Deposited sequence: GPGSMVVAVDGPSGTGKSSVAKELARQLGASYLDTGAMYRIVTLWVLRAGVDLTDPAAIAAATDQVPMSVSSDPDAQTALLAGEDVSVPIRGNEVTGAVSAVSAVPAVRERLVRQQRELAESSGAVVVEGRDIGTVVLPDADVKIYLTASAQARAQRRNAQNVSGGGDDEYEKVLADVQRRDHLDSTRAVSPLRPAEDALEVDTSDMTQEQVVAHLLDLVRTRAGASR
């Protein structure tokens, strides 16, 4: 059954495109970045020292987390609380890479990600290492990319080209596409154009 992995950096509209690709394939959708963000919110609220990986590992043994695989009903639950809003806040955005870098944390989420994928049948799974690490035997692997400039304009309008260009260098020396991935430059494209493009690639 069909597993589509969608990876790439931020600011390209990756998440919206993956959602809409899922709807069009009648498939399920899995937002992996949201899972990291949920754990991050959990860590922040316990007040764990973010400079201490062992403390982050210890504090994330039993994160009471739930996420939907329905692209039309995405909710982020933590301890029964709907945390869809706070997991997108700047606090979590600033903290998420501290928590994501802890191996113990990845180990669990990669496992949770694999299980959700196997039990979802037809599924589009979105993130950064889906095609390389999490689901290396995906049927189709897509790497959505865009120029620094394109990505910068999508952010400064959300409300930068310096900030976005900086993060590219630190990531390179710290995002790498799988060998069998299909690289798609979305710089010139709108969302619907990107969706149609991926539908074409998948249906080939």
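According to the record, no C-alpha positions are given for deposited positions 1-3, 163-173, 189-192, 223-228, numbered from 1.
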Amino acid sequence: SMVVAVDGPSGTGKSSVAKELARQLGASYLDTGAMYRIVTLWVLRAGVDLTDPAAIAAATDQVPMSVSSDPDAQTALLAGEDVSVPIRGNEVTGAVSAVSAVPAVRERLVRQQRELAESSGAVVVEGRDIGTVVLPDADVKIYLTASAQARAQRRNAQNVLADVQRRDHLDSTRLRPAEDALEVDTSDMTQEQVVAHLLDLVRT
From here on, numbers count along this sequence of modelled residues.
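Looking at mean Cα B-factors across 149-157 and 24-32, the upper value is held by 149-157.
The stretch 128-136 shows the higher mean C-alpha B-factor when 128-136 is compared against 84-92 in the entry.
Residue 164: CA B factor in the highest third of modelled residues in this chain (values from the PDB entry). In the deposited entry, the Cα temperature factor of residue 103 places it in the lowest third of its chain's modelled residues. Split the chain's modelled residues into thirds by C-alpha temperature factor. Residue 144 is in the middle one. Per the PDB record, residue ranking by Cα B-factor puts residue 65 in the middle third of the chain. Sort the chain's modelled residues by C-alpha temperature factor and residue 173 lands in the highest third, per the entry.
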